[PDB]
Structure formats: C-alpha cells, structure tokens
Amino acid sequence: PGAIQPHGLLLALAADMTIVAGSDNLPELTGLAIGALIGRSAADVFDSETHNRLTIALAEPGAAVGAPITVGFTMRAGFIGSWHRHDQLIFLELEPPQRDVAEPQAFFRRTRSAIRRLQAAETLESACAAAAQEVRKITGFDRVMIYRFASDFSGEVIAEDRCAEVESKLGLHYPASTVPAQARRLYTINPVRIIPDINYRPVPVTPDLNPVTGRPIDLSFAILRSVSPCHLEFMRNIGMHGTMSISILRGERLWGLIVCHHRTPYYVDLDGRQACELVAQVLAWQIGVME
C-alpha cells in the first residue's frame, strides 16, 4: 500500500519543509532521483520565488489547504501545485504543465456564462438540469449528472446532460453502498475527486511509512490518492474510463454530487476543477433558498 494515480507527482515535506517522501514517478517528470531528494531541503530543491511562495503559504500553521502554487525547481519550467496539511506532513501535489490537445482549457468565459445561466434557473429541478448542462460545457465530459442523496444515503440521478451516443442514467436509484460513508466523508473535506483513467497502474510513495507518526502515510487527503478496485470495476462495467465528481455541500452535509463520466480517459486541470467547484457553491446556495 501507499500509492497514487500517475497523472501527477506527490512530494511529502515534514513540518520544517524537509523532503521526507515522494512518488516513484519524480525522475520521469522532473529529472531528479527520489533518493537524491529524500532528506534534501526545500531551499535547495525549489527556486527562490517558489520557496518564498511555499514559506509564505506555510507561515500560518493553521492553514490546512493552499491556493495553486507555481512550483519551479533549481534544475529547471513550472508545475501547478496544491498543498495540503494532514497527518503532520505537508503534501505538495504537482500537475505537469504538459497539456493534451484533447483536454479542455479556457474555463473563464464558459464558467461566467454557466453561473449567469444557473442564476436564472427558476426551480430546484431546472437549476440541477442547468448545472449538469453547464458543467458539461465547461469540461467537455461525455455525460454529467446530478446525483442527489436521500436520508438513507442512497441516491437518484435527478438530472443529466450527455452526448447522444452515450446511454442515459436519468431516474436511476442506487444503494448507499455505491458511495460509502468513508468516501462521503472525504468529499466534505476535499470537494473535487478525479480519476482520469480507471485502468491506471498505481505509483507508490517511498518510503510508505510516516517519519513522524510512526504509522504509514495517510493519503486520504491527496488529490492523487488511489481508488478502491470496487469503484474502478463499477466504472468499467458502465464503459466510462474517466471520471470527476464535485460535491454539492449544504454546510458540511453532502447533498449530492456533480458526477462526470467520459468514455475514454479524460483529465480536467486545476483551473477547470476550481471553476466547477464555484458552480457547485452557487448551485448549493440556490438549493438552500429553494428548499
């Protein structure tokens, strides 16, 4: 155990900013070796401006999450990074700057438009239909659904927008087991979950033992964390190899999910995930007034 999905890098720093852990794909994306970085200082590995951004963000020890940091190394180029504090470690997760031609970009206009359209929705039903259609425009996903939770944590697909070629899931009910209590808990903490490719080979993080708590590294807060085989099989059975879900939060309660599926592996960068997050906040607020 102790692995992530390969579409990014995970570096784990101790509270003092010393590199204590890393995903095995660091030489393949940066050039530097994993062992040639464990025990190394962040001041040596990152450029002066990057180390400054990191130090400034980590100067408040209460702050659990950080806005995207441009991460540049001394041997560089720039990665888009997210940090989280969990299990007494600072997790720095990097998305490579290498954009694919199939992947969407330029989310601003489409997001402003989505929010303009969403505000004009008259009912809870028509706001969820507009949110599904608008998220599909922003992202390019094949199918986008609004999956609402019932009191027993079972859900129903109350809304959906999709490519004509893909099948419908509108009106379908599923047990609470499909999205279990511990998956649901992490969605109240980190609002967007991504699985760009259900057939990924997990990339391990070495060492997989936390050098402070004694206990192995808890990656339950990492964006790149591995997926339970049960969910991967569930997705494979419906023919969707790329997924993304955005929680609809009513306070800390999970009202539902904005579920996105793609037939082939599909990736939405940090910019588009933050754009979708905003749409979900607008939608949750409107659900609150309309309820």
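When you see a residue number, it is the position in the sequence shown, counting from 1.
In terms of unmodelled positions of the deposited sequence, the stretch from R76 to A77 in this entry skips 1 to 3 residues. Checked against the record, the higher mean CA B factor of 213-221 and 143-151 lies with 213-221. The PDB entry records a higher mean C-alpha B factor for 58-66 than for its counterpart among 58-66 and 248-256.
Comparing the C-alpha B-factors of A129, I138, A181, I115 in the entry, the top value falls on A181. Per the PDB record, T188 has a higher Cα B-factor than any other of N199, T111, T188, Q133. Ranked against the other modelled residues of its chain, the C-alpha B-factor of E160 as given in the entry falls in the lowest third. Among all modelled residues in its chain, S228 ranks in the middle third by Cα B-factor. Among the modelled residues of its chain, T30 has a C-alpha B-factor that falls in the highest third according to the deposited record. Residue-level temperature factors show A280 in the lowest third of its chain, judged at the C-alpha atom. Annotation for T243: CA B-factor lies in the lowest third of the chain's modelled residues.
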